[PDB]
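Working notes, beginning with the structure itself.
Counting starts at 1 for both ligands and their atoms, in listed order. Throughout, residue positions are numbered sequentially from 1 according to the sequence presented. Only heavy atoms go into these numbers, but all of them, side chains included; no hydrogens, no water, no symmetry mates.
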Amino acid sequence: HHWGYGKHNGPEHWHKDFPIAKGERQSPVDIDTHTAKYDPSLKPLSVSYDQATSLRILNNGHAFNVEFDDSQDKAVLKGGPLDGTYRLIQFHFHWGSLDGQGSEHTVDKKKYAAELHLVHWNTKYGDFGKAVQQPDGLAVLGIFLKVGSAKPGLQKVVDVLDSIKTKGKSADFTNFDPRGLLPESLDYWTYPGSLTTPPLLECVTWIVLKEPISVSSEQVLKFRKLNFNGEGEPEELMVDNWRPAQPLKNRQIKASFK
Ligand SMILES: Oc1c(Cl)cc(Cl)cc1Sc1cc(Cl)cc(Cl)c1O
Ligand SMILES: Oc1c(Cl)cc(Cl)cc1Sc1cc(Cl)cc(Cl)c1O
Ligand SMILES: [Zn+2]
C-alpha cells in the first residue's frame, strides 16, 4: 500500500507516511503573478547544458526519468537565486489525463497540460543523497507545457516511450540534448520549497520559467500511454501524476522580470 496517485494512495494520503507533507515549505504552489515581487538583485540564470551526457530513460512507476552522468560538471545550473554549482541528474514530467490539468505549479490558478522538472544538486554536498538532506541541496527548473505545435526537441523522448511502458523498464538514451526542451526566455519565478513526491524533503530552490513550451496533442497522448503498473499486472494508465498546489505559508515568490 505504497504511495501513488490513486484514490487510496494519492497526495491526500502521503502525510501518514511522510508527515513533512504538511510542512512549512511544501511544493508545488500557486504562483500569484500580481503578488510575486520583482527582485532586481536576482541574476540571469546560467543554463550550461552543451556537455550534457544523457544515459538512460526509466519508467519508475510514477513518471519516466531521463538520467544524466552527474559524476563531473557537464550539465550545470548556476546564477539566478543560486549560490554555487548545481549538476543535472535527471529530468521528468508530470501530466494529466486531459489537456486542462497536469502541471504541479499553477499560475493565477491556471493548470497547464504538463510540467517538466530538470533536477539538479548542489556540488558542495558531493552526492544527490547528501544534497536532499540540505535546505539548499537541489535546484529544480520547472517548465510548463501547453498543447499546440510539436516540440522538436521532445520527439526523441516520445519516440522511445513504447520501450518503457511499464514500471521498472529502462532503455539506453544517449546523446540527448536537453537544450531542446527550453523556451526562448529564461524569465522565472523562484521560491524555497520541496520535492513534490515522497519523501517530500524541503531541499529545493524552485526556478519556474514564465514562458511555457508548446508540445503537440500527439506528443502528450504518448505520455498518457505509459503505465504505473509493472509488466503482466492490471493496466493502470500513467496519468494525473501531479501533486496539487500546497499552502504558501511564510514564503515570498520572487520574479526575475519587471
Ligand atoms: O535513495 C534516495 C535518495 Cl538518494 C534520495 C531520495 Cl529524495 C529518495 C531516495 S529513496 C526514495 C525514492 C522514492 Cl521515488 C520515494 C521515496 Cl519515499 C524514497 O525514499
Ligand atoms: O529532425 C527533426 C525534425 Cl526534421 C522535425 C522534428 Cl519536429 C523533430 C526532429 S528531431 C528527431 C527526432 C527523432 Cl525521434 C528522430 C530524428 Cl532522426 C530526429 O532528427
Ligand atoms: Zn517532478
Nearest heavy atom to atom 6 (C) of ligand 1 wins, so pick from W121, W14, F128.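 Result: the heavy atom closest to atom 6 (C) of ligand 1 is in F128.
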Looking at [atom], what's its closest protein heavy atom, distance included?
| atom | answer |
| --- | --- |
| atom 19 (O) of ligand 2 | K156 CE, 4.5 Å |
| atom 18 (C) of ligand 1 | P199 CD, 4.0 Å |
| atom 14 (Cl) of ligand 1 | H62 NE2, 3.1 Å |

Does some non-hydrogen atom of the protein lie less than 4.0 angstrom from [atom]?
| atom | answer |
| --- | --- |
| atom 12 (C) of ligand 1 | no |
| atom 16 (C) of ligand 1 | yes |
| atom 1 (O) of ligand 1 | no |
| atom 4 (Cl) of ligand 1 | yes |

Identified side chain to side chain contact (heavy atoms under 4.5 Å, CB included) partner of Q101 from the options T106, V239, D240: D240
Do side-chain atoms of [X] reach the backbone of [Y] as a donor and acceptor pair under 3.5 angstrom?
| X | Y | result |
| --- | --- | --- |
| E202 | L200 | no |
| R224 | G96 | yes |
| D30 | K109 | yes |

Answer whether the closest heavy-atom distance between the side chains of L182 and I143 falls below 4.5 Å. yes
Roughly how far, to the nearest 0.5 Å, is the CD1 atom of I207 from the OG atom of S256?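 These two atoms lie 9.5 Å from each other.
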Atom CG of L118 and atom OH of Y86: how far apart are they, to the nearest 0.5 Å?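 Answer for the CG-OH pair, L118 versus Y86, is 15.5 Å.
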Of all N/O/S atoms in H117, which lies nearest to the Zn ion (ligand 3)? ND1
Can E104 and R243 be counted as an ion pair, charged N to O under 4.0 angstrom?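 Result for this pair is no, no salt bridge flagged.
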Which of the atoms of ligand 1 are close to [X], meaning less than 4.0 Å from one of its heavy atoms?
| X | value |
| --- | --- |
| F18 | 17 (Cl) |
| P198 | 13 (C), 15 (C), 16 (C), 17 (Cl) |
| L195 | 7 (Cl) |

Can you classify the ring geometry of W14 versus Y5 as parallel (below 30°), tilted (30 to 60°) or perpendicular (above 60°)? perpendicular
Plane angle bin for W3 and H62 - parallel if under 30°, tilted between 30 and 60°, otherwise perpendicular: tilted
Counting from 1, what ligand 2 atoms have a heavy atom of [X] closer than 4.0 Å?
| X | result |
| --- | --- |
| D159 | 14 (Cl) |
| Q155 | 14 (Cl) |
| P152 | 6 (C), 7 (Cl), 8 (C), 10 (S) |

